[PDB]
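**Q** once you've seen the sequence and the experimental structure below, I've got questions.
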2 protein chains.
Amino acid sequence: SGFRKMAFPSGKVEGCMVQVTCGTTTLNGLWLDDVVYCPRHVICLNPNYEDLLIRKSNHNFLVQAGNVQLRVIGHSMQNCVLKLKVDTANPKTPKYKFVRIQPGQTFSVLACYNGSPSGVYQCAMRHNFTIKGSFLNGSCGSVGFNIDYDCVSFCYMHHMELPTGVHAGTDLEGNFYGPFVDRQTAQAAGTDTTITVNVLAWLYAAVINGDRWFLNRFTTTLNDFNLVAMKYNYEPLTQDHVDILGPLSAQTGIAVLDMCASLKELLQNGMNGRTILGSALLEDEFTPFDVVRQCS
Amino acid sequence: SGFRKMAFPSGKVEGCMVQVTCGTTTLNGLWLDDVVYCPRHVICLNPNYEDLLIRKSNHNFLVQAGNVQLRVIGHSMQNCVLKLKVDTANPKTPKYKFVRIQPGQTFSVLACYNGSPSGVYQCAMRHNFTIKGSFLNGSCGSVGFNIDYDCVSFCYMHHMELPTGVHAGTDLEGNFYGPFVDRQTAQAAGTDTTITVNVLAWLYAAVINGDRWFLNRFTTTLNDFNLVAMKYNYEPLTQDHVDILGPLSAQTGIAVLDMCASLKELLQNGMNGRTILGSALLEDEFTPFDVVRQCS
C-alpha cells in the first residue's frame, strides 16, 4: 500500500553522465558508446550555431567523465544537440533507445551539475510541451528517461527555463518539445490543460489504496463529462482513454464512466476539506501505466 | 526554479541489492563488503528467532546478486537483521555508514523486489516512527539512505506495513524505529504530529521560488505561535528550530518569527483556494537541508 511519485532507479543513467566545457561554458553531456551528446549552447541572444561550430576544433572541447578526461576526435551538430565523438566507448553504456514522448506521458529526470548527478524526480510532459522541473543554472544537458526491463528509453535533454519557472528541452535527436528555441530569450508557452486520463488513473490508484469517499452510484456519458471537462480546462476524454483505463477499471470493478461521474462531482464541488492519496488537489502526473507499475 | 520531491541518485545503492531466499521465503538484502544484511523474517505470529537460526545451515541461504550466486560461509543475528557472511566482497561497495535518523528527517527509499530495484522516492521519518512509503509484498529488505559527497548513510531497512497503510522498519543495526516488532500481527502507531520546522522550510522554498501571497507584515512570539500550533496538532517550535532556519531566513530576508505569523494565518484561515508550490496543503516532508540542497 501507499502511493508515491516514484522515479526509476537512476544508476544506469548515472554511469553515462559527463561534464563538457567549451571556453567559459560548462554543462552536462550523455556518454553512450563513443559519442557524447550535449546541448549545442555549450559553444556560445541569437547565435549562428553553424558558424560557431565551424570555428571550433576538437581540442576546444574538454570532456571529463569523473576525473578521467575523454579526448574528442570529432564533432557534429544534430538540430539543437552536439555529438562529440570520443576516443573511448563508455563501458557502462546500457541498452538504450532515443524515443520522443507524447504530452501526458511521464519520465524520470536525473538532475546533473558539472557532470555529477544531484537528484532524481518524476516529471510529466505537459500539453503545452513544458515540464514542471527543478533546475538551477548549470543543469543544461540533464536528461529524462524511462526504463523498460534493462532498456533505457531517453526522451528529454534539458535546455531552457521559461519566465514562469517551467522548463523546456529537446528529445535526444535535438528537436525541441514545443515552440521553443535555444537562445537567451524570454519565451512563453501556450496555455496548458489538465491531463484527464491521468486524473482518472490516480482516482483508481486511490480506490486500490482504500480512498473511496469520492465514489457515487451515478454513471455519466462521455459527452456530458466533456461538457463539464471543457469548463474546468480538462483535456477532452476519448474512447481510447477509456480503453487504456480498462485494466484499472477491471481491477477495481468501477467502470470508467462511473469514475467520470465521481470526477465531475469533484470538479463542481471540490473535496470539502478531504484529501485523496494525501493531496488536496486532483493530481494529473500519474499515467495509467504508472499506477499499474506501482500498485502491482 | 521549481521545487520537487527529489531523491538521491540511487546507483550506489543499486549495486548493493541482492536477493535472499530461505525455504519458500524470498526478500531483499544489502551486500556490503563480504556481508549481506537482510530482515531476519526470511528464516520463518510470534517466532522464536534464536531457535530458528540455530536450526539453519549456511547452505539453506540462497543469495543471488543478479545471476551470480553468492555462497554463505557464516550467519549471525543482530537484533531484527541477519548478517550473512559470503565468500565474495562486493566490488561495488561504496563508502558507507550506518546512521540512525531522528523523526522529522528525510531519506531516499530504493524500493526493491526479488533483489531488483523498482523505483526511488523520498520519505520522512514521522514523529510516531512510521514512514509513508509505497511498498508491496516482497519489499522487505529495501533500504532508505542519504548521500553526503560519496558516502552513503544507510538509515532504514523495510520490515512491516501497518493496518493504516504506513510502514515500519529498523535501522541497519536491526533496531526498530518505534514500538513495532517483526511478527505477522496488526500493530498500531502512536498519534502523529505535523513537522513544524519542515513546514516553515517549505514556506521559505516557496518564497525563493516566487510564491509570496501568504506573507504578511506581522511578527509573532514563539509562545503565541505554539499556542496556535498545539491546536492544529503541530510539533512545538523551539529555538534550535529557529536557529536551523537561520540560513533560509537570511537568504530571503524574512525573519523566522515573521514566517511564523504567516503559518499561523494559514492554519487559522486556510489558503482560500490558492496553492503553494503546487500544493493545496501545508507540506511537511522537506527539511531545511532539503530546501538549501535543492534551491542552491
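**A** Arrived safely, thanks for sending. Residues are numbered from 1 along each chain as shown, chains lettered A, B, ... in the order given.
**Q** span of stretch A:74-91 from start to end?
**A** End-to-end span of stretch A:74-91 (CA to CA, to the nearest Å): 19 Å.
**Q** and if you look at stretch A:167-186?
**A** Length of stretch A:167-186, first residue to last, CA to CA: 12 Å.
**Q** what's the spacing between that stretch and its chain's center?
**A** Put simply, stretch A:167-186 sits 13 Å off its chain's centre (CA atoms, centre = their mean, to the nearest Å).
**Q** do stretch A:79-93 as well
**A** 22 Å.
**Q** and that stretch, anywhere near chain B?
**A** No - Stretch A:79-93 lies out of reach of chain B by CB under 8 Å from any CB of the partner chain, never closer than 9.7 Å. Using the backbone N, CA and C atoms, a C-beta is placed for each residue, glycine as well.
**Q** neighbouring contacts of that stretch?
**A** The contact list for stretch A:79-93 (CB atoms under 8 Å, 6 or more residues apart in numbering or on different chains) reads A:12, A:15-16, A:20, A:29, A:31-40, A:42-43, A:53, A:61, A:63, A:65, A:70-77, A:157, A:159, A:170, A:172-176, A:182.
**Q** pull out the buried residues from those.
**A** Using 16 or more other CB atoms under 10 Å in any protein chain shown as the burial test, the contacts of stretch A:79-93 include A:12, A:15-16, A:20, A:29, A:31-32, A:34-40, A:42-43, A:61, A:63, A:65, A:70, A:72, A:75, A:77, A:157, A:159, A:170, A:172, A:174, A:176, A:182 as buried.
**Q** hmm, back to that, just the contacts of stretch A:79-93: which are in helices?
**A** Those of the contacts of stretch A:79-93 mapping onto helices are A:12, A:53, per DSSP state H.
**Q** contacts only, for residue A:235.
**A** Shown in contact with residue A:235 (CB under 8 Å, 6+ apart): A:104, A:127, A:193, A:194, A:195, A:196, A:197, A:229.
**Q** show me what contacts the nearest residue to the fifth one once chain neighbours are set aside?
**A** Which is residue A:195. With sequence-adjacent residues excluded and distances taken as CB to CB, 6 or more residues apart in numbering or on different chains, residue A:195 is closest to residue A:284, at 4.2 Å. For residue A:284, the contact set (CB under 8 Å, 6+ apart) comprises A:124, A:194, A:195, A:196, A:198, A:199, A:202.
**Q** by neighbour count, which of those wins?
**A** Of all the contacts of residue A:284, the most densely surrounded is residue A:195 (26 neighbours; neighbours counted as other CB atoms under 10 Å in any protein chain shown).
**Q** alongside chain B, which residues does the stretch 151-296 of chain A contribute?
**A** Residues of the stretch 151-296 of chain A lying near chain B by CB under 8 Å from any CB: A:161, A:165-167, A:209-210, A:275, A:278-281, A:293-296.
**Q** show me the residues you listed that map onto strands.
**A** The strands, defined by DSSP state E, take in A:161, A:167 from these.
**Q** ok, the residue in chain A that chain B sits nearest to - contacts?
**A** Going by CB to the nearest CB, chain B is nearest to residue A:11 of chain A, at 3.0 Å. Residues in contact with residue A:11 (CB under 8 Å, 6+ apart) are B:9, B:10, B:11, B:12, B:14, B:15, B:117.
**Q** host element of the residue nearest to residue A:195?
**A** Applying DSSP states H and E as the criterion places residue A:284 outside every helix and strand.
**Q** please tell me how far it sits from residue A:154.
**A** In this view, residue A:284 and residue A:154 are 24 Å apart by CB to CB, to the nearest Å.
**Q** over to residue A:273?
**A** Taking CB to CB, one finds residue A:273 at 43 Å from residue A:154.
**Q** what's near enough to touch residue A:131?
**A** Residue A:131 sits next to A:109, A:123, A:124, A:125, A:144, A:156, A:166, A:167, A:168, A:169 when contact means CB under 8 Å, 6+ apart.
**Q** ok, now how distant is it from residue B:135?
**A** 28 Å.
**Q** got it, and residue A:163?
**A** Computed as CB to CB, the residue A:163 to residue B:135 distance reads 40 Å.
**Q** next: residue A:207.
**A** 19 Å.
**Q** circling back: ok, and the most crowded of the contacts of residue A:131?
**A** Within the contacts of residue A:131, most neighbours by other CB under 10 Å means residue A:169, with 30 neighbours.
**Q** tell me what that one is bridged to.
**A** When bridges are called by DSSP bridges, residue A:169 pairs up with residue A:158.
**Q** surely it and residue A:176 touch.
**A** Yes - in this structure residue A:169 lies within contact range of residue A:176 using CB atoms under 8 Å: 7.2 Å.
**Q** on that earlier part again, settle it for me: which of residue A:273 and residue A:154 has more neighbours?
**A** Remark: of residue A:273 and residue A:154, residue A:154 carries more neighbours, 22 against 7, as counted by other CB under 10 Å.
**Q** who does the more buried one form a beta bridge with?
**A** Applying DSSP bridges to residue A:154, the residues it is bridged with are residue A:98, residue A:145.
**Q** contacting residues for it?
**A** Contacts for residue A:154 (CB under 8 Å, 6+ apart) come out as A:30, A:96, A:97, A:98, A:99, A:143, A:144, A:145, A:172.
**Q** which residue is the nearest non-sequential neighbour of the third one?
**A** It refers to residue A:97. Using CB to CB, 6+ apart, the closest residue to residue A:97 is residue A:153 (4.9 Å).
**Q** again, but for residue A:288
**A** Spatially, and ignoring its direct neighbours in sequence, residue A:288 is nearest to residue A:201 (4.3 Å; CB to CB, 6+ apart).
**Q** show me what the helix or strand where the one you found lies is packed against.
**A** Element membership for residue A:201 (DSSP H and E) is helix A:196-208. The contact analysis (3 or more CB pairs under 8 Å, 6 or more residues apart in numbering or on different chains; DSSP states H and E) places helix A:196-208 against helix A:239-244, helix A:246-252, helix A:256-269, helix A:288-295.
**Q** if we use 10 Å, what do you get?
**A** Contact analysis of helix A:196-208 by 3 or more CB pairs under 10 Å, 6 or more residues apart in numbering or on different chains; DSSP states H and E lists helix A:222-231, helix A:239-244, helix A:246-252, helix A:256-269, helix A:288-295 as its packing neighbours.
**Q** for residue A:149, which of those helices is the nearest?
**A** Closest approach to residue A:149 among those is made by helix A:288-295 (12.5 Å; CB to CB).
**Q** out of residue A:163 and residue B:135, which sits in the busier spot?
**A** Shown here are residue A:163 and residue B:135; by other CB under 10 Å, residue B:135 has more neighbours (25 against 11).
**Q** residues contacting the more buried one?
**A** Contact partners of residue B:135, counting by CB atoms under 10 Å, 6 or more residues apart in numbering or on different chains, are A:1-2, A:4, B:109, B:111-113, B:118, B:142, B:158-161, B:165-167, B:169.
**Q** recalculate using a threshold of 7 Å.
**A** Counting by CB atoms under 7 Å, 6 or more residues apart in numbering or on different chains, residue B:135 touches A:2, B:111, B:158, B:161, B:167.
**Q** likewise residue A:6?
**A** A:122, A:294, B:119, B:120, B:121, B:134.
**Q** filter those down to just the ones in helices.
**A** Judged by DSSP H, the contacts of residue A:6 include residue A:294 as members of helices.
**Q** in PyMOL, how would I select just the buried ones from the contacts of residue A:6?
**A** Buried residues within these, by 16+ other CB under 10 Å, are selected in PyMOL with:
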select buried, (chain A and resi 122+294) or (chain B and resi 119+120+121+134)
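**Q** ok, the spatially closest residue to residue A:129 that is not a sequence neighbour - how many residues close by?
**A** Excluding the flanking residues, the one nearest residue A:129 by CB to CB, 6+ apart is residue A:178, at 2.6 Å. Look at residue A:178: counted by other CB under 10 Å, it has 19 neighbours.
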